[PDB]
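S.K.: Once you've had a glance at the structure underneath, I'll fire off some questions.
Computed from the coordinates by the stated procedures, all read-outs in this text should not be read as laboratory data. Cβ placement follows ideal geometry from the backbone for every residue including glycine, while neighbour counts extend to all protein chains displayed.
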Amino acid sequence: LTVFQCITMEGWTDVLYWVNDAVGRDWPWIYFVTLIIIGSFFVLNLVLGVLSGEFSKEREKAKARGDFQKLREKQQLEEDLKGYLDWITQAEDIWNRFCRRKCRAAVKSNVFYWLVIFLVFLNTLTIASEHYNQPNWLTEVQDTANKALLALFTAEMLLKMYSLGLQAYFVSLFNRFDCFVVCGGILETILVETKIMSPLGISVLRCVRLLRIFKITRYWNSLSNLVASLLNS
Amino acid sequence: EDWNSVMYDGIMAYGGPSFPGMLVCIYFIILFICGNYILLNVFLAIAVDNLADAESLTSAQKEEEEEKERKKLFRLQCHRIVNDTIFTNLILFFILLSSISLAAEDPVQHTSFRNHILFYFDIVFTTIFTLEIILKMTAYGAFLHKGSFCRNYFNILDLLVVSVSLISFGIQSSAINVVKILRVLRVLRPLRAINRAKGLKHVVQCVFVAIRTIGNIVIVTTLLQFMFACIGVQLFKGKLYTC
Amino acid sequence: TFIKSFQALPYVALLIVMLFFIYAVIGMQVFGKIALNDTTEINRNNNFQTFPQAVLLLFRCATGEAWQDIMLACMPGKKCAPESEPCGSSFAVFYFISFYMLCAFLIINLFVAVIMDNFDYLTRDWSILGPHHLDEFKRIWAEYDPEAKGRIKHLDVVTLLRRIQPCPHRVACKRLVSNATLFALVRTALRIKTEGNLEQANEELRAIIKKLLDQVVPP
Amino acid sequence: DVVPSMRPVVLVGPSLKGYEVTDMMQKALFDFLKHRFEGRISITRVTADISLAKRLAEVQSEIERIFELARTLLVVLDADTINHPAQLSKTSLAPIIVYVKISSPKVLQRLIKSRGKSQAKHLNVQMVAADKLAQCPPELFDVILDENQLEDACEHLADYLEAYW
Amino acid sequence: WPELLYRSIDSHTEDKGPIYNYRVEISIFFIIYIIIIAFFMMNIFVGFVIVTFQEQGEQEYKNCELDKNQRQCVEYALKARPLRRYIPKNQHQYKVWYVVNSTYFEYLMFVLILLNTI
Ligand SMILES: COc1ccc2cc1Oc1ccc(cc1)C[C@H]1c3cc(c(OC)cc3CCN1C)Oc1c(OC)c(OC)cc3c1[C@H](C2)N(C)C=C3
Ligand SMILES: [Ca+2]
Ligand SMILES: [Ca+2]
């Protein structure tokens, strides 16, 4: 039992200090130090190896099951719709609606992309600047800053709703996510305005606002495949 | 975490340590051994099978549908560079002995009978390694000759450590608190051996390349961990005090 | 295989050694003069005073054993050592956090490096013939033949120890007809091809794969 | 035979021209051609049949007026009669025919369902036309419209239009 | 962890002392955090290194050649060396040599050592 506790590495040091106080400090460490390295690390390395090695068998076996092939089908499939749905929008515009061309042109423009990124950067400061006893003015700054950022984020969200096809906007997974958070922010304004908030409400309603930080890491594809593969499984 | 505290509470519940009681350890050993085996399978299978598919897309779709979208289509004379072979192993000895020199200094004894003895060993090593600083002048570099010295930053580190030791003696006469930190930075001696050991250079270089690839993962965790901290602050913004 | 692999990757294990030494020295000095006392983590049995003691504390924090409690012990404002003739540091928060991250990462690199360099055995279906089969073939041959006394000397089927895993349908007799024997089984145990030209095709493979004596390879 | 001083440009779309879904796919495409080939390109819109050409009464004058524009010294011809390279193989006017493709037919249903439910049930009448367009080898399959977006798909038309001009 | 968990559960209100098990629902926050970062994300990083190293390892994939089983096997072509056996020549030596080399002797000793530890 005493040996087994050491290998789990909890209480490992306490017994060592109860032995150093009985037979001196010189030799005893070799028993426990070698026990952890030989007992814990190697087996922890072995167990990791076989588990990692074994799953290569199933992963190789799963290749014949076409899990990647089916997954690849959805990825290319759903990607095309967004590309093809662009044509219809680019053609639906050949009551004057020539301004709709201008609004779309900004959506894909670099200036618009970084503008929202900066807004997301500000939103982090609004929330990250919490403090146990904030100055009485800081709460007002966070109060106004939260509201102002909420209007801009929804204001540009609606822009994409009209600039891009309503059905087209919901095609992309990320675009679906943005509606979820921005919709959640609206509840906060109503709940805070009407004084019907609950301790449960503020937590998640705060959490959604933080999730807007995921606006960052959009170009990056390493994480995109993780989530895409993750959702399939 | 406190796997022990729970066990001993369980054992004492069934009397003291004896034969009839004390067998409840079987429940805790079963729980930990069987419990931790499930977590490895569930989370390694999730993190390997799904991860393997994700990178497969990153290398299958990205590689080929971009192959197709692109398939759309001073004195320079009588210098002595000799003796660089024996010094190869010899220098590694001084670094090894120099590191041990600072591994033996006693911190607690301000007026130590040993630090003064060690202080001399720093002199000999400091003087010895300053010789190679002069030697490097003969070789291409010295911020000159197309910056041969600046093209190998690993060799620059050799100078910085020597300069750090040299600076310490100058400020030692002043007997000022500044030297308190300068001494700490001298610990960089062992890394000096990296530039000289061919087999070690590959390992340390391989570590950096890994970090560059990992950058796509650690960056995600930092945002995720920071996201939890932001939630954490709201939940417990100073409610944890206790008289 | 694992013990063998650790030998093939010594320099990686040296890197983790350098991490302990570098951090042990830094901790040895900045937190050298902390006041020892019971009821606190920095006590008679834990302290950055002697190098062996410091490295053990670094090892202690490596396995995550109340390391966070030590981090609070080295924070500034702690009484100083009686030897000193107000004595801690605030570098601890970075010191222990940085060590655990770096130590945890290098151990990960050390663990995975051994796994991958030994990935052949770990992922092996154990159905196709492997090196183990050759070794047990040597032992029976060795028991069937002492030191360097066998060239052909084959007139009996006592070498029947081969089970289903590489006289059913007389294939053994045909295989037997087709170190000399050792190469014979491998070229036919996997059954690379059956076209009446494997030797000619394989005779052109060992030429490019290779070096050593080739007057026994053709057989 | 003899070049009619021009290489008329026509577009079959991914399916029957009788519906709106195919129509929008090209109106945007046509626009970019005339904004980057000022004068070089000309556009013609007709509603009669061209298959019955002898190298119905209205079709008699259809070829000449197309030729009349072709005499002015590309020309884009828009018609609802061509649904397969065979329809234009009956005459040798050196036409250039461009094909819109949906590599996976599964995309069509999502696209068709989006515009309106009235024509959603007509996917069978439409998806079939796409299949008919998936049997012509390169020879009757000259122009390649495979990429989804426009900016990187339209440019694949201009480069093919530099063969002579 | 548990010391903080039970100091967080006993959290009444901002700037106020603790109340025993005021809100045990808060444990969801720690359990969710433990699973996500400590267990899940930590495994992704471990899995990523294993896969990333595999790309480096398979740099010399050489798809043209056949499986790696041949690589070991052909490299084993230099095998089949003499192995020390030294069958006894003296009749007296052979008697003891057979029994000690007997499978019974190997199994018999394993019983003794097991008893020795007992
Ligand atoms: C300083 O280096 C280390 C110090 C301490 C430790 C490991 C160290 O190195 C590693 C080696 C291998 C890996 C990660 C780290 C990878 C390994 C692993 C190991 C691992 C994980 O928990 C977080 C998670 C993972 C992810 C999956 N794969 C399989 O270790 C565990 C436990 O898992 C069995 C555990 O039970 C759940 C409890 C503890 C620990 C560690 C041990 N400590 C901190 C505390 C308790
Ligand atoms: Ca613990
Ligand atoms: Ca622990």
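S.K.: Just checking, does the stretch C:105-121 include any residue being away from ligand 1 (no atom under 12 Å from the Cβ), part of a loop (DSSP other than H, G, I, E, B) and either surrounded by fewer than 17 Cβ atoms within 10 Å (Cβ to Cβ) or within 18 Å of the chain's Cα centre (by Cα) (or both)?
M.R.: Within the stretch C:105-121, one or more residues are away from ligand 1 (no atom under 12 Å from the Cβ), part of a loop (DSSP other than H, G, I, E, B) and either surrounded by fewer than 17 Cβ atoms within 10 Å (Cβ to Cβ) or within 18 Å of the chain's Cα centre (by Cα) (or both).
S.K.: What pairs can you find where one residue is in the stretch E:1-22 and hydrophobic (A, V, I, L, M, F, W, C), the other is part of a loop (DSSP other than H, G, I, E, B) and more than 16 Å from ligand 3 (Cβ to nearest atom), and their Cβ atoms are less than 7 Å apart, with a gap of 6+ or different chains?
M.R.: E:9/E:21; E:9/E:22; E:9/E:23; E:19/E:10; E:19/E:12
S.K.: Give me the pairs: first residue in the stretch B:1-25 and under 18 Å from residue A:15 (Cβ atoms) and within 14 Å of chain A (Cβ to nearest Cβ), second residue more than 16 Å from ligand 1 (Cβ to nearest atom) and assigned to a helix (DSSP H, G or I), beta-carbon distance under 6 Å, and six or more apart or on different chains, which are they?
M.R.: B:22/B:11
S.K.: Please find, among B:41, B:50, B:36, the residue that is farther than 30 Å from residue B:135 by Cα, surrounded by 10 or more Cβ atoms within 10 Å (Cβ to Cβ) and within 16 Å of ligand 3 (Cβ to nearest atom). If you could, list the steps in order and put the result at the bottom.
M.R.: On the way: B:41 fails: within 16 Å of ligand 3 (Cβ to nearest atom); B:50 fails: within 16 Å of ligand 3 (Cβ to nearest atom).
Every option except B:36 fails the conditions.
S.K.: Turning to a different aspect of this structure: Which of the following residues is away from chain A (no Cβ under 14 Å), in a helix (DSSP H, G or I) and over 30 Å from residue E:24 (Cα atoms): B:218, B:207? Don't jump to the end; show me each part of the working.
M.R.: Details: B:218 fails: away from chain A (no Cβ under 14 Å).
Result of the check over B:218, B:207: B:207.
S.K.: All but one of (1) surrounded by 14 or more Cβ atoms within 10 Å (Cβ to Cβ); (2) more than 12 Å from chain C (Cβ to nearest Cβ); (3) in contact with a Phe, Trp or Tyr (Cβ under 8 Å, 6 or more places away or on another chain) hold for residue E:99, so report the exception by its number.
M.R.: With respect to (1) surrounded by 14 or more Cβ atoms within 10 Å (Cβ to Cβ); (2) more than 12 Å from chain C (Cβ to nearest Cβ); (3) in contact with a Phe, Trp or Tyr (Cβ under 8 Å, 6 or more places away or on another chain), residue E:99 is out only on (1).
S.K.: Tell me, yes or no, whether the stretch A:191-205 has at least one residue that is part of a helix (DSSP H, G or I), among the small types (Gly, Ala, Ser) and closer than 25 Å to residue B:218 by Cβ.
M.R.: Going residue by residue through the stretch A:191-205, those that are part of a helix (DSSP H, G or I) are A:191-194, A:199-205.
Now narrow it down to the ones that are among the small types (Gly, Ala, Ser): A:201, A:203.
Pick out the ones that are also closer than 25 Å to residue B:218 by Cβ and you get none.
No, there is no match, as no residue in the stretch A:191-205 is part of a helix (DSSP H, G or I), among the small types (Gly, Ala, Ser) and closer than 25 Å to residue B:218 by Cβ.
S.K.: Just one of the numbered conditions (1) within 26 Å of residue C:45 (Cα to Cα); (2) away from ligand 1 (no atom under 15 Å from the Cβ) is not true of residue C:99; which one?
M.R.: (2)
S.K.: Anything in the stretch E:15-35 that is facing chain B (nearest Cβ under 7 Å) and under 17 Å from residue B:225 (Cβ atoms)? List them, or say none.
M.R.: Result: E:29, E:33.
S.K.: Please tell me if residue A:172 is surrounded by 14 or more Cβ atoms within 10 Å (Cβ to Cβ), within 11 Å of chain B (Cβ to nearest Cβ) and hydroxyl-bearing (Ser, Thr, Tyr).
M.R.: Details: surrounded by 14 or more Cβ atoms within 10 Å (Cβ to Cβ): yes; within 11 Å of chain B (Cβ to nearest Cβ): no; hydroxyl-bearing (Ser, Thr, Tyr): yes.
Judged against the criteria, residue A:172 is not a match.
S.K.: Scan C:172, C:104 and give me the residue that is within 14 Å of chain A (Cβ to nearest Cβ) and of a type outside the set (S, T, N, Q). Spell out the reasoning first.
M.R.: Details: C:172 fails: within 14 Å of chain A (Cβ to nearest Cβ).
Of C:172, C:104, the one residue that is within 14 Å of chain A (Cβ to nearest Cβ) and of a type outside the set (S, T, N, Q) is C:104.
S.K.: Name the pairs: first residue in the stretch C:46-75 and among the polar types (S, T, N, Q), second residue away from ligand 1 (no atom under 16 Å from the Cβ) and assigned to a loop (DSSP other than H, G, I, E, B), Cβ to Cβ under 6 Å, at least 6 apart or on different chains?
M.R.: Pairs found: C:47/C:36; C:49/B:108; C:53/C:47.
S.K.: Got a sec? Which helices (runs of 4 or more DSSP H) wholly within the stretch A:1-116 have at least 1 residues that are over 30 Å from residue B:24 (Cβ atoms), within 14 Å of chain D (Cβ to nearest Cβ) and within 16 Å of ligand 2 (Cβ to nearest atom)?
M.R.: On the way: elements: A:2-7, A:12-23, A:28-34, A:42-64, A:67-92, A:99-107.
Once the helices (runs of 4 or more DSSP H) in the stretch A:1-116 are filtered for at least 1 residues that are over 30 Å from residue B:24 (Cβ atoms), within 14 Å of chain D (Cβ to nearest Cβ) and within 16 Å of ligand 2 (Cβ to nearest atom), nothing remains.
S.K.: Does the stretch A:22-32 include one or more residues that are under 30 Å from residue C:59 (Cα atoms), within 16 Å of ligand 1 (Cβ to nearest atom) and crowded, with 16+ Cβ neighbours inside 10 Å?
M.R.: Applying the first criterion (under 30 Å from residue C:59 (Cα atoms)) to the stretch A:22-32 yields A:22-32.
Keeping just the survivors that are within 16 Å of ligand 1 (Cβ to nearest atom) gives A:32.
From the residues that got through so far, the ones that are crowded, with 16+ Cβ neighbours inside 10 Å too are A:32.
Checking the stretch A:22-32: at least one residue is under 30 Å from residue C:59 (Cα atoms), within 16 Å of ligand 1 (Cβ to nearest atom) and crowded, with 16+ Cβ neighbours inside 10 Å.
S.K.: If you don't mind, there's one more thing I want to ask. How about the stretch C:178-219: which of its residues are assigned to a loop (DSSP other than H, G, I, E, B) and of a type in the set (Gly, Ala, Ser)? Quick ask: steps written out before the conclusion?
M.R.: Initially, the stretch C:178-219 is screened for residues assigned to a loop (DSSP other than H, G, I, E, B), giving C:178-179, C:190-197, C:210-219.
Result: C:178, C:196.
S.K.: Within the stretch C:31-45, which residues are in contact with a helix residue (DSSP H, G or I) (Cβ under 8 Å, 6 or more places away or on another chain), within 9 Å of another protein chain (Cβ to nearest Cβ) and either among the small types (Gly, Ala, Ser) or buried (at least 21 other Cβ atoms within 10 Å of the Cβ) (or both)? Show your work before the answer.
M.R.: In the first step, residues of the stretch C:31-45 are kept if they are in contact with a helix residue (DSSP H, G or I) (Cβ under 8 Å, 6 or more places away or on another chain); the result is C:31, C:34, C:40-42, C:45.
From what is left, the residues that are within 9 Å of another protein chain (Cβ to nearest Cβ) are C:31, C:45.
Correct list: C:31 only.
S.K.: Out of the residues in the stretch B:189-204 that are surrounded by fewer than 15 Cβ atoms within 10 Å (Cβ to Cβ) and within 8 Å of another protein chain (Cβ to nearest Cβ), state the one that is farthest from the chain's Cα centre (by Cα).
M.R.: B:199
S.K.: Can you tell which of C:92, C:66, C:104, C:113 is in contact with a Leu (Cβ under 6 Å, 6 or more places away or on another chain) and either within 16 Å of ligand 2 (Cβ to nearest atom) or not acidic (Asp, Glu) (or both)? Quick ask: steps written out before the conclusion?
M.R.: Details: C:92 fails: in contact with a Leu (Cβ under 6 Å, 6 or more places away or on another chain); C:66 fails: in contact with a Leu (Cβ under 6 Å, 6 or more places away or on another chain); C:104 fails: in contact with a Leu (Cβ under 6 Å, 6 or more places away or on another chain).
Exactly one of C:92, C:66, C:104, C:113 is in contact with a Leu (Cβ under 6 Å, 6 or more places away or on another chain) and either within 16 Å of ligand 2 (Cβ to nearest atom) or not acidic (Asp, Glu) (or both), namely C:113.
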